[PDB]
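Peer 1: Residue numbers (PDB author numbering), protein chains in the order written: chain AG, 2 to 55, 60 to 260; chain AL, 1 to 52; chain AF, 53 to 55, 60 to 104; chain BH, 309 to 324; chain BB, 68 to 134; chain AB, 2 to 250; chain AA, 2 to 249.
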Amino acid sequence: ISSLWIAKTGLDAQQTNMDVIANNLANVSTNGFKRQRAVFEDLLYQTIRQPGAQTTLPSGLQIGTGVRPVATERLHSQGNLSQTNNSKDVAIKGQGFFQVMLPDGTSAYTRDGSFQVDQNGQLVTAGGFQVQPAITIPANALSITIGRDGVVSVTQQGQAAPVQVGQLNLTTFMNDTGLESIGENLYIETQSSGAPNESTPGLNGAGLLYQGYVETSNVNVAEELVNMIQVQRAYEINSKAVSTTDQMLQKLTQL
Amino acid sequence: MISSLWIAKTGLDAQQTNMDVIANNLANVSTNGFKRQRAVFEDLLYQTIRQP
Amino acid sequence: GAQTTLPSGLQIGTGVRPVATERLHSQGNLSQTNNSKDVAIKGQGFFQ
Amino acid sequence: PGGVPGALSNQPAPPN
Amino acid sequence: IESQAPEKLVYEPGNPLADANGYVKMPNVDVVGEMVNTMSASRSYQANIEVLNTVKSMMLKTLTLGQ
Amino acid sequence: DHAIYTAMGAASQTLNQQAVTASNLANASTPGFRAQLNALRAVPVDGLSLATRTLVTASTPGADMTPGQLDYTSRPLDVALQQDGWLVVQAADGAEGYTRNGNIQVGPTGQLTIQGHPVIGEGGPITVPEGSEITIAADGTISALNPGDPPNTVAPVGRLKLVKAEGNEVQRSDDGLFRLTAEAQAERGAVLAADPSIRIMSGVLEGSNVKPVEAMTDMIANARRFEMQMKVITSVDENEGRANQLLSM
Amino acid sequence: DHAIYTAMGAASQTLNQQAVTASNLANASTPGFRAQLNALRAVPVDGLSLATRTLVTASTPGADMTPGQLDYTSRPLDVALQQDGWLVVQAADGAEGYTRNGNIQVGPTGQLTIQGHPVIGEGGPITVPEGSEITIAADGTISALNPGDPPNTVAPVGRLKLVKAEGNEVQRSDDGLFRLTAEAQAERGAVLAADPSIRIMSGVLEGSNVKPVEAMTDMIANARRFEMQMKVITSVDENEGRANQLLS
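Below is the structure:
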């Protein structure tokens with residue numbers, strides 16, 4: 002029956018909005034996580050009888070067909086900074102993304118600023134993926150400094166002048182909402198957010214780098230709880246709608 | 001099947017791991033030459049729903 | 053049948073059965089009991 | 309040629 | 068004849084039968100109308116059977132005219 | 002006998018009306034949703050004598066224009082409109098549609114869309130320089146700043162086309178967008194002029210206006226109205242059997 | 002007299018659909034499970050005069066490929082695939098099968114199994130050295146470290162065979178494994194080569210993907226449809242009685 006079919010679409014959509022809420026809440030401790038927000042749209046409205054030729062009420066019957074989620078979108082709203090005295094952690098001040106290399110050979114983009122030097126120098130992410138544009142750190146390093154403009158300088162012994170290593174380039178897109186989230190803290194260019202523009206930090210819109218800080222999660226907490234309460238109540242309302250149509254048909258079928 | 005439970009379970013597990021790491025860091029204040037640990041939590045794979 | 061439309065065909069399941077319950081061999085934590093007779097194992101090993 | 313009466317011959321049979 | 072009431076639409080974009088907009092067409096069968104049609108057809112069937120029985124009895128009695 | 006075609010009608014339409022209310026409940030979280038109103042109309046059958054049969058049909062007399070929910074998302078693109086105010090978008094069929102959704106999304110090209118339909122300014126669809134931070138003023142004015150550039154270079158690019166229309170002047174189309182009714186088009190023209198008195202708030206998003214109390218009460222009434230129709234149908238069916246038996250002998 | 006058979010077919014196929022739904026619900030806790038879809042097809046009987054009789058046939062059109070929820074278990078051998086990705090195992094009858102169950106187990110002899118089915122690697126079934134600690138990378142690579150040895154001596158042993166296939170290219174076998182359809186086999190070959198674009202997460206197990214809302218709605222619908230068919234059967238059953246008993 003139309004009622005059961007629609008109310009089912011409603012219940013499924015509130016479960017999606019709770020899944021989104023649960024994903025946002027589970028990622029409170031994630032570094033550089035952008036909150037997800039679910040938007041829904043009503044489906045095609047069916048016109049059974051057109052409005053009449055007109060003091061009185063119009064005469065039509067346009068029953069809808071349900072609801073459907075359109076596209077859960079992330080709010081690239083900048084997060085806060087947490088201090089971690091680790092010299093390898095850098096945080097972005099503004100809109101920008103680090104470019105890393107996936108094992109398949111295609112480039113992904115991340116905002117988590119936790120990096121580590123692996124056994125052959127090379128700043129890699131926590132998952133081990135290499136962080137283009139390749140940064141090799143020598144073993145004679147006494148301290149590593151990542152500058153405002155992405156200059157990686159390394160101090161050594163018996164050398165008053167710090168030996169540099171490279172430039173950390175940030176990727177800038179024109180629609181940051183549009184990147185496809187692969188999963189493992191990586192975004193890829195979709196048909197939207199195309200033409201990834203490489204730039205040294207500080208110019209062409211790229212953000213600055215803070216060494217020793219990590220950008221915390223964007224997720225606000227009270228919004229999630231209010232959304233959860235509303236989702237639960239809408240789910241209960243749709244369950245009461247399902248209950249009504251079932252009883253109605255139980256009386257019709259027990260004719 | 002329930003889903004939102006298996007996501008909140010991962011949330012609870014991540015917070016439990018964080019609390020274990022914090023407890024280890026606090027318990028070893030008096031050790032000579034101990035290095036603080038920080039656990040990095042970072043999300044799983046996303047499922048993608050077809051959009052005709 | 054030989055194949060637009062939906063692949064016709066009634067295929068009905070049977071249910072669910074439990075096959076085997078497995079134990080997770082992960083190192084547990086250590087608690088301090090001053091009794092000198094108690095020992096804890098750091099690794100995969102069993103007293104015979 | 310007759311056949312099985314009732315349920316078997318009034319349910320949609322397999323193609324072949 | 069196939070009824071001309073508009074087909075119902077369900078949003079299942081993963082269904083192979085879904086069109087470019089993702090809507091699967093489901094039948095426009097009205098349950099209450101069909102139940103009432105079944106009941107009224109049954110009553111008309113019984114009325115016609117009773118009519119036929121009465122008419123057959125009347126001719127049987129006509130077969131014994133004048134006797 | 003034909004009494005069964007009266008009650009059954011109220012049994013059928015009660016389902017149709019329910020299929021409206023359930024739909025309203027399925028979009029409780031839809032941004033910028035106008036709930037469909039349902040109403041039953043009594044259509045009498047006029048014929049030859051003792052006017053005695055009056056059927057019922059379920060119709061939807063427009064929609065409910067009471068403002069929806071108002072949450073505060075710290076997003077410079079989410080916009081909410083004052084009451085009896087509409088945003089203007091370009092519909093799927095090259096036409097003009099009005100909406101309450103303020104979830105404007107900037108495409109990679111920089112063209113603004115709402116639900117995939119590009120928003121409309123005074124110069125038509127609104128485009129924005131690629132990858133620029135956008136702030137919408139309190140009257141629809143749009144300012145774009147290229148990141149990294151000094152704020153002194155904030156320059157306006159366009160203005161949203163905001164219109165004013167009551168709930169009686171607008172009809173919901175099958176694609177979910179509202180259009181001018183025939184009556185309203187007769188006196189206001191095919192294209193609505195921009196209303197400069199409409200005030201728009203940036204950084205908040207307008208939710209749906211589905212009332213839960215109304216929906217729950219309507220569902221209870223629907224169920225307890227069907228049951229009565231099913232009782233009348235059963236009574237007529239039981240009555241017809243005797244009458245049929247009357248034809249014997 | 003033959004509308005009773007139409008209604009009986011409808012009721013029996015409603016029972017079949019209910020059986021499918023109950024089987025789906027019974028596996029709400031089955032690791033890496035794919036729900037069986039159900040759809041009532043209509044078969045129109047083609048006689049000469051008025052095809053006023055159309056029957057109902059239940060059908061199961063493939064399965065549901067929406068991933069479920071991942072339980073994070075602190076174990077290196079429980080793995081979860083990307084969306085629309087499949088692990089490859091050697092089937093029961095010496096053939097190849099695909100699955101989502103990432104609960105990889107090891108034996109005393111060291112061979113990897115899933116539900117008892119040995120896992121297939123590049124060079125055939127994967128065998129790990131006896132009694133070693135095993136880690137699975139994010140692209141299928143398998144590393145083995147002998148117990149009580151420096152972790153520096155860890156070395157890769159093999160790579161899992163991870164494939165990509167959609168619902169249209171996949172049909173469930175009677176033993177619970179998924180295989181290629183004939184029309185997909187004709188295009189993509191008898192054996193699917195490894196797909197390097199699939200990422201695999203180690204330490205998370207994928208559960209079932211049965212949706213409770215759809216199952217409950219389906220059960221309600223099945224009950225009501227069955228009641229309507231019983232009413233039709235009862236209505237037909239009285240009329241025929243009267244007719245014959247009287248027109249004799």
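Quick reminder that beta carbons are idealized off the backbone N, C-alpha and C, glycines included.
1. Counting only the same chain and skipping the five closest in sequence on each side, list residues whose C-beta sits under 7 Å from that of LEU257 (chain AG).
2. Say whether chain AA places a C-beta atom closer than 7 Å to the C-beta of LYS9 (chain AG).
3. In whole angstroms, give me the CA-to-CA distance for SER112 (chain AG) and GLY111 (chain AB).
4. Quick one: is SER82 (chain AF) buried, meaning 16 or more other Cβ sit within 10 Å of its Cβ, or exposed?
5. Relative to the alpha-carbon of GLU134 (chain AA), which residue among AA:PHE34, AA:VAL90, AA:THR235, AA:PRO148 has its alpha-carbon at the smallest distance?
6. Measuring only between beta-carbons, confirm whether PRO320 (chain BH) sits less than 7 Å from chain AA.
7. Could you give the residue range of the beta strand (DSSP E) that holds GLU207 (chain AA)?
8. Go ahead and label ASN169 (chain AA) buried or exposed: buried means 16 or more other beta carbons lie within 10 angstroms of its beta carbon, across all protein chains shown.
9. Spell out a yes or no on whether the stretch 8–15 of chain AG and the stretch 46–53 of chain AG are touching, meaning 3 or more CB-CB pairs, one atom from each, closer than 8 Å.
10. May I have the straight-line CA-CA distance separating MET229 (chain AB) from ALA23 (chain AA), to the nearest angstrom?
11. Can you give me the start and stop residues for the beta strand (DSSP E) that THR249 (chain AG) sits inside?
12. By the criterion of Cβ-Cβ separation under 7 Å, what are the contact partners of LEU84 (chain BB) in chain AF?
13. So with CB distances below 8 Å, who are the chain AF contacts of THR61 (chain AA)?
14. Please name the residue in AG:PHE34, AG:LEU26, AG:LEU12 whose C-alpha comes closest to that of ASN223 (chain AG).
15. Determine the closest residue to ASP85 (chain AA) out of AA:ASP196, AA:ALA183, AA:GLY242, with distance taken between C-alpha atoms.
16. I'd like to know if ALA29 (chain AB) contacts chain BB, where contact means its C-beta is closer than 7 Å to some C-beta of that chain.
17. Going straight from the alpha carbon of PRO63 (chain AG) to that of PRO52 (chain AG), what length do you get?
18. Looking at the unbroken beta strand (DSSP E) that takes in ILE143 (chain AB), where does it start and where does it end?
19. Relative to the C-alpha of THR60 (chain AF), which candidate in BB:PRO73, BB:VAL91, BB:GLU74 has its C-alpha closest?
20. Note down, in chain order, every chain AB residue with its Cβ under 9 Å from the Cβ of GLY199 (chain AG).
21. If we count Cβ pairs, one from each stretch, closer than 8 Å, do we get three or more for the stretch 241–257 of chain AG versus the stretch 216–234 of chain AB?
22. 7 Å is my cut-off, CB to CB: does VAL21 (chain AB) come that close to chain AG?
23. Under a three-way DSSP split, which group does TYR73 (chain AB) fall into?
24. Is the beta carbon of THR67 (chain AB) less than 7 Å from the beta carbon of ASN210 (chain AB)?
25. In the DSSP assignment, find the beta strand (DSSP E) that holds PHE227 (chain AA) and state where it starts and stops.
26. Considering just the uninterrupted stretch of the alpha helix (DSSP H) at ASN25 (chain AA), what are its terminal residues?
27. Would you kindly report the start and end of the unbroken beta strand (DSSP E) that includes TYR46 (chain AL)?
28. Which term fits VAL168 (chain AG), buried or exposed, when burial requires 16 or more other beta carbons within 10 angstroms of its beta carbon?
29. Less than 6 Å between C-beta atoms, sequence neighbours within five positions excluded: which residues of the same chain meet that for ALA185 (chain AB)?
30. Do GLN14 (chain AB) and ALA59 (chain AB) count as a contact pair if the criterion is CB distance below 7 Å?
31. Is there a Cβ of chain AL sitting closer than 7 Å to that of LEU230 (chain AG), yes or no?
32. Which term fits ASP117 (chain AG), buried or exposed, when burial requires 16 or more other beta carbons within 10 angstroms of its beta carbon?
33. Per DSSP, what kind of secondary structure is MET93 (chain BB) in: helix, strand or coil?
34. The stretch 205–223 of chain AA: which residues have C-beta closer than 8 Å to a C-beta of chain AL, in chain order?
35. Do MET106 (chain BB) and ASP238 (chain AB) come within 7 Å of each other at the CB atom, strictly closer than that value?
36. Whose Cβ in chain AG lies nearer than 8 Å to the Cβ of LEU26 (chain AL)?
Peer 2: Well, looking at it:
1. none
2. yes
3. 24 Å
4. By the Cβ-count criterion, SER82 (chain AF) is exposed, with fewer than 16 other Cβ atoms from all chains shown falling within 10 Å of its own Cβ.
5. AA:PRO148
6. Output row for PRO320 (chain BH): interface = yes.
7. Boundaries of the beta strand (DSSP E) around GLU207 (chain AA): 205–207.
8. exposed
9. no
10. 34 Å
11. Per DSSP, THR249 (chain AG) belongs to no beta strand (DSSP E); it is in the alpha helix (DSSP H), 226–258.
12. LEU62
13. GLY65, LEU66, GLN67, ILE68
14. AG:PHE34
15. AA:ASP196
16. Cβ-Cβ to chain BB under 7 Å: no for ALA29 (chain AB).
17. Roughly 6 Å separates the two Cα atoms.
18. Annotation: the continuous beta strand (DSSP E) that includes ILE143 (chain AB) extends over 142–146.
19. The shortest Cα separation from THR60 (chain AF) among BB:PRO73, BB:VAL91, BB:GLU74 belongs to BB:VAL91.
20. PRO109
21. yes
22. yes
23. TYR73 (chain AB) falls in the coil class under three-state DSSP.
24. yes
25. Taken as a continuous stretch (DSSP letters only), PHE227 (chain AA) belongs to no beta strand (DSSP E), being part of the alpha helix (DSSP H) at 213–248.
26. Here the alpha helix (DSSP H) through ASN25 (chain AA) covers 4–27.
27. It is not in any beta strand (DSSP E) - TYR46 (chain AL) carries neither H nor E in the DSSP assignment.
28. exposed
29. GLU170
30. yes
31. no
32. By the neighbour-count rule (16 or more Cβ atoms within 10 Å), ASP117 (chain AG) is buried.
33. strand
34. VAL205, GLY208, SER209, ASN210, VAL211, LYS212, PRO213
35. Between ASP238 (chain AB) and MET106 (chain BB), the gap from beta carbon to beta carbon is short of 7 Å.
36. Near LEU26 (chain AL) there are no residues of chain AG at all, since even the closest Cβ is about 17 Å away, more than 8 Å.
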